[PDB]
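Printed here is coords20.txt (compact mmCIF, C-alpha atoms and all ligand atoms):
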# COMPACT_ATOMS: atom_id res chain seq x y z
CA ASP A 1 175.29 -71.49 214.10
CA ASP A 2 177.02 -73.77 216.65
CA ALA A 3 174.18 -73.66 219.21
CA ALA A 4 171.86 -75.12 216.61
CA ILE A 5 173.72 -78.47 216.52
CA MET A 6 172.32 -81.21 218.87
CA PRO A 7 175.42 -83.30 219.78
CA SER A 8 175.08 -87.03 219.66
CA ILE A 9 175.79 -88.89 222.92
CA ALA A 10 175.52 -92.35 221.26
CA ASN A 11 178.51 -94.75 221.26
CA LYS A 12 180.12 -93.41 224.39
CA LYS A 13 179.56 -93.24 228.13
CA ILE A 14 178.61 -89.90 229.71
CA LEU A 15 179.70 -87.82 232.72
CA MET A 16 176.61 -85.66 233.28
CA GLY A 17 176.34 -82.83 235.79
CA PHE A 18 173.78 -80.25 236.79
CA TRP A 19 174.45 -76.48 236.52
CA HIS A 20 172.58 -74.09 238.83
CA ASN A 21 170.68 -71.19 237.20
CA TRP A 22 170.70 -69.15 240.48
CA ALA A 23 173.28 -67.39 242.62
CA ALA A 24 175.05 -68.99 245.53
CA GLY A 25 174.02 -67.90 249.02
CA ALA A 26 176.54 -67.91 251.90
CA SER A 27 175.78 -71.45 253.12
CA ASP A 28 173.51 -73.46 250.79
CA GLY A 29 175.24 -76.79 251.33
CA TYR A 30 174.12 -79.69 253.51
CA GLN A 31 177.29 -79.06 255.60
CA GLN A 32 176.91 -75.24 255.31
CA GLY A 33 179.38 -75.00 252.42
CA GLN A 34 179.00 -72.67 249.40
CA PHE A 35 178.65 -73.62 245.69
CA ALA A 36 180.46 -71.84 242.90
CA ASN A 37 178.78 -69.48 240.41
CA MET A 38 180.19 -70.04 236.89
CA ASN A 39 179.60 -69.61 233.15
CA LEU A 40 178.84 -72.71 231.09
CA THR A 41 182.20 -72.17 229.41
CA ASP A 42 183.93 -72.51 232.80
CA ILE A 43 182.75 -76.16 233.08
CA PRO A 44 185.55 -78.77 232.63
CA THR A 45 185.19 -80.48 229.25
CA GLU A 46 184.97 -83.89 230.84
CA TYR A 47 181.34 -83.05 231.79
CA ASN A 48 179.89 -83.97 228.33
CA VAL A 49 176.20 -83.63 229.33
CA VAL A 50 175.29 -80.48 231.29
CA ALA A 51 171.73 -80.22 232.66
CA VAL A 52 170.57 -76.64 233.35
CA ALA A 53 168.49 -76.34 236.51
CA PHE A 54 165.59 -75.56 236.16
CA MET A 55 162.65 -74.92 233.80
CA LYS A 56 159.70 -74.28 236.19
CA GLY A 57 156.53 -72.28 236.71
CA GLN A 58 152.72 -72.44 236.91
CA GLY A 59 150.80 -72.65 233.64
CA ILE A 60 153.41 -73.52 231.02
CA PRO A 61 156.83 -73.87 232.76
CA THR A 62 159.66 -71.80 231.35
CA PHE A 63 163.28 -70.74 231.80
CA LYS A 64 165.35 -67.59 231.60
CA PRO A 65 169.11 -67.25 232.54
CA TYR A 66 169.39 -65.53 235.86
CA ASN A 67 172.47 -63.56 234.95
CA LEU A 68 173.27 -63.79 231.25
CA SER A 69 171.50 -62.26 228.27
CA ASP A 70 169.76 -64.77 225.97
CA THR A 71 172.36 -64.06 223.28
CA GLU A 72 175.29 -64.68 225.61
CA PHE A 73 173.74 -67.84 227.07
CA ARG A 74 173.13 -69.24 223.53
CA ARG A 75 176.74 -68.30 222.55
CA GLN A 76 178.09 -70.37 225.49
CA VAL A 77 175.82 -73.34 224.66
CA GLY A 78 177.19 -73.07 221.10
CA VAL A 79 180.82 -73.31 222.48
CA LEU A 80 179.91 -76.48 224.37
CA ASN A 81 178.08 -77.94 221.38
CA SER A 82 181.13 -77.20 219.15
CA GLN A 83 183.05 -79.39 221.60
CA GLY A 84 180.54 -82.27 221.17
CA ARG A 85 178.95 -81.60 224.63
CA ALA A 86 175.13 -81.64 225.05
CA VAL A 87 173.29 -79.07 227.21
CA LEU A 88 169.88 -80.14 228.49
CA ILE A 89 167.21 -78.03 230.15
CA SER A 90 165.99 -79.79 233.36
CA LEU A 91 162.26 -79.43 234.11
CA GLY A 92 161.47 -79.53 237.84
CA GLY A 93 163.43 -79.00 240.98
CA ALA A 94 162.10 -77.93 244.41
CA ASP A 95 159.13 -75.52 244.47
CA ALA A 96 158.63 -75.59 240.71
CA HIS A 97 154.82 -75.31 240.77
CA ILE A 98 154.60 -77.57 237.74
CA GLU A 99 150.91 -78.43 237.23
CA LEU A 100 150.21 -79.18 233.61
CA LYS A 101 146.59 -79.25 232.45
CA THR A 102 145.07 -81.65 229.90
CA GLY A 103 144.90 -79.75 226.64
CA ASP A 104 148.22 -78.00 227.14
CA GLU A 105 150.33 -80.59 225.26
CA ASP A 106 150.90 -78.43 222.17
CA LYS A 107 151.52 -75.25 224.24
CA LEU A 108 154.21 -77.18 226.24
CA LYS A 109 155.74 -78.62 222.99
CA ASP A 110 155.83 -75.06 221.58
CA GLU A 111 157.62 -73.68 224.67
CA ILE A 112 160.21 -76.51 224.63
CA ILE A 113 160.88 -75.79 220.98
CA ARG A 114 161.14 -72.05 221.78
CA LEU A 115 163.79 -72.79 224.47
CA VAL A 116 165.76 -74.90 221.93
CA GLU A 117 165.62 -72.13 219.35
CA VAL A 118 166.47 -69.34 221.78
CA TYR A 119 169.07 -71.01 223.98
CA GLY A 120 170.35 -73.95 221.91
CA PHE A 121 169.30 -76.73 224.31
CA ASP A 122 169.81 -80.32 223.06
CA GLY A 123 167.09 -82.06 225.03
CA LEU A 124 165.21 -82.12 228.31
CA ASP A 125 165.80 -83.79 231.67
CA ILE A 126 162.76 -84.64 233.83
CA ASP A 127 163.64 -83.87 237.49
CA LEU A 128 160.24 -83.50 239.12
CA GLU A 129 160.01 -82.97 242.89
CA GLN A 130 157.88 -85.53 244.83
CA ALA A 131 154.90 -83.18 244.97
CA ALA A 132 154.87 -82.95 241.16
CA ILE A 133 155.06 -86.56 240.04
CA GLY A 134 151.31 -87.16 240.37
CA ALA A 135 150.18 -83.50 240.26
CA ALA A 136 147.46 -82.17 237.97
CA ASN A 137 147.85 -83.86 234.59
CA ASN A 138 151.63 -83.97 234.56
CA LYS A 139 151.52 -87.78 234.02
CA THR A 140 149.94 -87.44 230.58
CA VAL A 141 150.75 -83.95 229.29
CA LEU A 142 154.49 -84.14 229.81
CA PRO A 143 155.11 -87.46 227.93
CA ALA A 144 152.71 -86.34 225.17
CA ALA A 145 154.45 -83.01 224.68
CA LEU A 146 157.91 -84.66 224.72
CA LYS A 147 156.98 -87.25 222.10
CA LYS A 148 155.88 -84.38 219.85
CA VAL A 149 159.14 -82.51 220.44
CA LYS A 150 161.24 -85.62 219.80
CA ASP A 151 159.35 -86.35 216.59
CA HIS A 152 159.71 -82.74 215.47
CA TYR A 153 163.50 -82.79 215.74
CA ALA A 154 163.89 -86.34 214.39
CA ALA A 155 162.27 -85.03 211.13
CA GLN A 156 165.14 -82.48 210.98
CA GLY A 157 167.86 -85.12 211.49
CA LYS A 158 168.39 -84.17 215.16
CA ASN A 159 168.13 -86.34 218.30
CA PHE A 160 166.48 -84.30 221.02
CA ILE A 161 167.74 -86.04 224.18
CA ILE A 162 165.22 -87.01 226.86
CA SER A 163 166.51 -88.02 230.34
CA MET A 164 164.99 -88.48 233.77
CA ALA A 165 166.52 -88.06 237.24
CA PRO A 166 164.08 -89.85 239.58
CA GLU A 167 164.75 -90.41 243.32
CA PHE A 168 165.60 -94.08 243.45
CA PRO A 169 162.64 -95.22 245.65
CA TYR A 170 160.32 -93.91 242.89
CA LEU A 171 161.40 -96.93 240.86
CA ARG A 172 160.09 -99.78 243.01
CA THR A 173 157.51 -102.16 241.51
CA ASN A 174 154.01 -100.47 241.39
CA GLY A 175 155.62 -97.03 241.65
CA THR A 176 153.53 -94.12 240.39
CA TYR A 177 156.63 -92.77 238.56
CA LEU A 178 156.89 -95.83 236.29
CA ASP A 179 154.04 -94.32 234.24
CA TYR A 180 156.59 -91.74 232.88
CA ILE A 181 159.09 -94.39 232.01
CA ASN A 182 156.50 -96.60 230.33
CA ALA A 183 154.88 -93.68 228.48
CA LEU A 184 158.33 -92.72 227.12
CA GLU A 185 159.52 -96.20 226.12
CA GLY A 186 161.64 -95.75 222.91
CA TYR A 187 161.82 -91.97 223.40
CA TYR A 188 163.99 -91.53 226.52
CA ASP A 189 167.75 -91.82 226.02
CA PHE A 190 168.63 -92.66 229.65
CA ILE A 191 167.42 -92.65 233.24
CA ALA A 192 169.80 -91.42 235.99
CA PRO A 193 168.33 -92.24 239.42
CA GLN A 194 169.52 -90.24 242.47
CA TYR A 195 171.43 -92.61 244.78
CA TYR A 196 171.37 -89.86 247.47
CA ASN A 197 169.10 -88.00 249.92
CA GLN A 198 167.23 -91.23 250.86
CA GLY A 199 169.68 -92.32 253.53
CA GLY A 200 167.35 -94.74 255.27
CA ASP A 201 166.07 -96.52 252.13
CA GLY A 202 167.86 -99.81 251.37
CA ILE A 203 167.78 -103.19 249.68
CA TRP A 204 167.99 -106.75 250.98
CA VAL A 205 170.77 -108.61 249.25
CA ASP A 206 170.54 -112.37 249.62
CA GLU A 207 174.01 -112.82 248.17
CA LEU A 208 175.40 -111.11 251.28
CA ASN A 209 172.61 -111.84 253.86
CA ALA A 210 172.80 -108.04 254.32
CA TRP A 211 170.40 -105.07 254.43
CA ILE A 212 172.33 -102.26 252.72
CA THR A 213 171.11 -98.67 253.13
CA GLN A 214 172.06 -95.75 250.92
CA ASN A 215 173.83 -94.09 253.88
CA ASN A 216 176.04 -97.14 254.63
CA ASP A 217 179.63 -96.13 253.83
CA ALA A 218 181.22 -99.45 254.87
CA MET A 219 179.27 -101.27 252.19
CA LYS A 220 179.08 -98.46 249.58
CA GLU A 221 180.46 -100.57 246.73
CA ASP A 222 177.91 -103.28 247.33
CA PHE A 223 175.09 -100.72 247.62
CA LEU A 224 176.08 -99.19 244.24
CA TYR A 225 176.46 -102.59 242.59
CA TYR A 226 173.34 -104.29 243.95
CA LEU A 227 170.91 -101.35 243.64
CA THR A 228 172.11 -100.97 240.03
CA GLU A 229 171.85 -104.72 239.35
CA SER A 230 168.33 -104.72 240.81
CA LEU A 231 167.28 -101.82 238.61
CA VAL A 232 168.74 -103.11 235.35
CA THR A 233 167.30 -106.63 235.89
CA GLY A 234 164.00 -105.80 237.59
CA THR A 235 164.72 -107.69 240.82
CA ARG A 236 164.73 -107.05 244.56
CA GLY A 237 161.43 -105.14 244.36
CA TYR A 238 162.43 -102.78 241.53
CA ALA A 239 161.10 -102.43 238.01
CA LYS A 240 163.56 -102.95 235.18
CA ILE A 241 165.38 -100.19 233.20
CA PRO A 242 167.71 -101.28 230.31
CA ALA A 243 171.36 -101.19 231.47
CA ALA A 244 172.50 -99.50 228.26
CA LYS A 245 170.14 -96.61 229.10
CA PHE A 246 171.05 -96.44 232.82
CA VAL A 247 173.15 -93.82 234.66
CA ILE A 248 174.10 -93.80 238.37
CA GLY A 249 173.41 -90.38 239.98
CA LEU A 250 175.75 -89.35 242.86
CA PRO A 251 176.40 -86.26 245.02
CA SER A 252 179.62 -84.50 244.07
CA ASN A 253 180.54 -84.09 247.81
CA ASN A 254 178.88 -83.96 251.26
CA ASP A 255 177.68 -80.40 250.77
CA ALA A 256 175.73 -81.41 247.59
CA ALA A 257 173.43 -83.95 249.35
CA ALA A 258 172.56 -84.92 252.94
CA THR A 259 173.62 -88.54 252.34
CA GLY A 260 174.98 -90.65 249.48
CA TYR A 261 178.41 -89.16 248.90
CA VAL A 262 180.86 -91.90 247.89
CA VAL A 263 183.84 -91.54 250.24
CA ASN A 264 186.07 -94.15 248.48
CA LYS A 265 186.29 -93.76 244.65
CA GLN A 266 187.11 -97.44 244.19
CA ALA A 267 183.53 -98.31 245.17
CA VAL A 268 182.39 -96.72 241.85
CA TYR A 269 185.22 -98.23 239.77
CA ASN A 270 184.42 -101.68 241.18
CA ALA A 271 180.67 -101.36 240.77
CA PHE A 272 181.28 -100.55 237.09
CA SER A 273 183.72 -103.42 236.51
CA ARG A 274 181.41 -105.85 238.26
CA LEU A 275 178.46 -104.74 236.09
CA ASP A 276 180.72 -105.04 233.01
CA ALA A 277 181.61 -108.61 233.96
CA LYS A 278 177.92 -109.56 234.09
CA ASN A 279 177.19 -107.93 230.64
CA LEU A 280 175.29 -105.20 232.56
CA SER A 281 177.49 -102.32 231.45
CA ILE A 282 175.76 -98.97 231.98
CA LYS A 283 175.70 -95.59 230.32
CA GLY A 284 177.70 -93.50 232.75
CA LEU A 285 177.47 -91.21 235.80
CA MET A 286 175.41 -88.16 236.74
CA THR A 287 176.16 -85.75 239.56
CA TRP A 288 174.40 -83.07 241.60
CA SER A 289 176.25 -80.89 240.84
CA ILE A 290 178.90 -79.10 238.75
CA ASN A 291 178.52 -75.92 240.92
CA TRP A 292 179.10 -78.07 244.03
CA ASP A 293 182.02 -79.92 242.45
CA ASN A 294 183.88 -76.57 242.40
CA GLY A 295 182.43 -75.11 245.59
CA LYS A 296 184.03 -74.94 249.04
CA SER A 297 183.33 -76.33 252.46
CA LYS A 298 182.24 -74.33 255.49
CA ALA A 299 185.90 -74.36 256.57
CA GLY A 300 186.97 -72.96 253.20
CA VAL A 301 188.45 -76.11 251.64
CA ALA A 302 188.01 -76.08 247.82
CA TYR A 303 186.32 -79.13 246.41
CA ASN A 304 188.36 -78.43 243.25
CA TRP A 305 186.53 -80.70 240.83
CA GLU A 306 186.96 -83.79 243.01
CA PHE A 307 184.10 -85.69 241.36
CA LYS A 308 185.21 -84.93 237.77
CA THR A 309 188.86 -85.86 238.62
CA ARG A 310 187.89 -89.09 240.35
CA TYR A 311 185.52 -90.41 237.74
CA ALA A 312 186.22 -88.93 234.31
CA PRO A 313 188.82 -91.67 233.61
CA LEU A 314 186.18 -94.29 234.25
CA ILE A 315 183.85 -92.67 231.72
CA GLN A 316 186.27 -91.95 228.97
CA CA B 401 172.23 -77.17 220.55

Please re-express this file's structure in structure tokens.
Amino acid sequence: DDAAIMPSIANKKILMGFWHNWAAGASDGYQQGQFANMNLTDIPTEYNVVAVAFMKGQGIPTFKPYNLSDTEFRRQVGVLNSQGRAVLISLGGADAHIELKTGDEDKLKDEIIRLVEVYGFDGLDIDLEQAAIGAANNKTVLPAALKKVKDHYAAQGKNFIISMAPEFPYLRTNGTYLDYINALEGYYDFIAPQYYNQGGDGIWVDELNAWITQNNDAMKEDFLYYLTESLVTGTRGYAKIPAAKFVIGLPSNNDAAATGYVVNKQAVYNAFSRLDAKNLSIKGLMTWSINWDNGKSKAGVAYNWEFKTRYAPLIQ
């Protein structure tokens, strides 16, 4: 039963991407482009962590493939798992109506385990929208349910992966989101903050006497390096996340996010080598999204896996 395997992502860097569980409209992109619809088995093998978007819903959130039978979806997850590639279910996204109630910890654990058994998922990504981070009892019920799920699979010899994809400004000192990170200390495998869609947010870098915003293309390398350094050291107004458990999240192209797209690939290569030189090597890259990475612009130009082609060599 290949889908039953939970691939290990230890001892290597990852190239993680999100896969959309809904059909493309005519112009969903931030520049009116269109994303590609595809099977999981159409995803380039270089994407070794695929996060399925999204588990959502009032009461106990859930997930069902929008266009594949459960059997066929599990078969495809099994193909990826046979290749050593992990497939996570991502809880959240826009308009998810996630409002967990105290007392629903075991019901949420049971539904996560059901999704693993039905679809072959290897873990869960937390991608809550801003309205959900402090909603209802999400703060306590979600970490409690996940610890139970992790413990359940660890008893079977399996590592159920837990990841989080916070907007980067969620991670400043005294941030309400830090409660999730602290509650899951020793349970989460990595945190992949979104270095996009917050164009006006920035950091003051004394080393350059410069204010660098997330929408500054001229200084993109320094934005990637210094926001990462701040996050993995707990400086410049940010709380600390261990570098070995840290992943930089980027838009695959300008249709995938309003701002944040890295125009010059060398900015990423250099940010990584600079972190490596300071013994701050990180876990890899995440992108929104795989469907966008093979989509097309408004003018019909194919993105043709630009993100995967630019950065897979860095990861492997
Ligand atoms: Ca699996």

- Message: Counting only C-alpha atoms and all ligand atoms, what are the residues, protein, DNA or RNA alike, that approach ligand CA 401 (chain B) to within 12 Å? I want them as a ChimeraX atom specification.
- Response: /A:1-8,49-50,73-89,113,115-124,153,158-161

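Interatomic distance, atom CA of residue A:201 against atom CA of residue A:188: 26.2 Å.
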
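Among the candidate residues A:163, A:173, A:291, A:102, the one lying nearest to residue A:138 is A:102, with distances computed using all atoms listed in the file.
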
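We find atom CA of residue A:190 and atom CA of residue A:224 to be spaced 17.6 Å apart.
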
Each residue of stretch 28-105 of chain A lying at most 10 Å from stretch 297-313 of chain A should get a row with its shortest atom-to-atom pair and the distance in Å to one decimal, counting only C-alpha atoms; could you produce that, ordered by chain and increasing number, as a Markdown table?
| residue | atom | partner | partner_atom | distance |
| --- | --- | --- | --- | --- |
| A:28 | CA | A:298 | CA | 10.0 |
| A:29 | CA | A:297 | CA | 8.2 |
| A:30 | CA | A:297 | CA | 9.9 |
| A:31 | CA | A:298 | CA | 6.8 |
| A:32 | CA | A:298 | CA | 5.4 |
| A:33 | CA | A:297 | CA | 4.2 |
| A:34 | CA | A:297 | CA | 6.4 |
| A:35 | CA | A:297 | CA | 8.7 |
| A:36 | CA | A:302 | CA | 10.0 |
| A:43 | CA | A:305 | CA | 9.7 |
| A:44 | CA | A:308 | CA | 8.0 |
| A:45 | CA | A:308 | CA | 9.6 |
| A:46 | CA | A:312 | CA | 6.2 |
| A:47 | CA | A:308 | CA | 7.4 |

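Of note, atom CA of residue A:269 and atom CA of residue A:247 are spaced 13.8 Å apart.
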
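Counting all atoms listed in the file, the residue from A:42, A:111, A:276, A:185 that sits nearest to residue A:240 is A:185.
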
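Taking all atoms listed in the file into account, the residues near (171.1, -102.2, 230.1), no farther than 12 Å, are residues 189, 190, 191, 228, 229, 230, 231, 232, 233, 234, 240, 241, 242, 243, 244, 245, 246, 247, 275, 276, 278, 279, 280, 281, 282, 283 and 284 of chain A.
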
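Using all atoms listed in the file, the shortest contact distance between residue A:193 and any of A:250, A:172, A:177, A:155 is found at A:250.
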
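Using only C-alpha atoms, the shortest contact distance between residue A:270 and any of A:252, A:181, A:222, A:293 is found at A:222.
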
Residue neighbourhood residue A:287, 7 Å, all atoms listed in the file, exclusion window fewer than 4 positions, as a PDB file with C-alpha atoms, in the coordinates of the input:
ATOM      1  CA  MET A  16     176.610 -85.660 233.280  1.00  0.00           C
ATOM      2  CA  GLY A  17     176.340 -82.830 235.790  1.00  0.00           C
ATOM      3  CA  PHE A  18     173.780 -80.250 236.790  1.00  0.00           C
ATOM      4  CA  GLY A 249     173.410 -90.380 239.980  1.00  0.00           C
ATOM      5  CA  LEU A 250     175.750 -89.350 242.860  1.00  0.00           C
ATOM      6  CA  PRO A 251     176.400 -86.260 245.020  1.00  0.00           C
ATOM      7  CA  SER A 252     179.620 -84.500 244.070  1.00  0.00           C
TER       8      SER A 252
END

- Which one is closest to residue A:259: A:223, A:66, A:290, A:214? Count only C-alpha atoms. A:214

- Message: Give me the residues near residue A:96 as a list in words, where near means some atom within 12 Å (using all atoms listed in the file) and where sequence neighbours in that chain fewer than 4 positions away do not count.
- Response: residues 53, 54, 55, 56, 57, 58, 59, 60, 61, 62, 63, 90, 91, 92, 100, 127, 128, 129, 130, 131, 132, 133 and 135 of chain A

- Shortest contact to residue A:288, candidates A:238, A:272, A:206, A:255, atoms counted all atoms listed in the file, goes to A:255
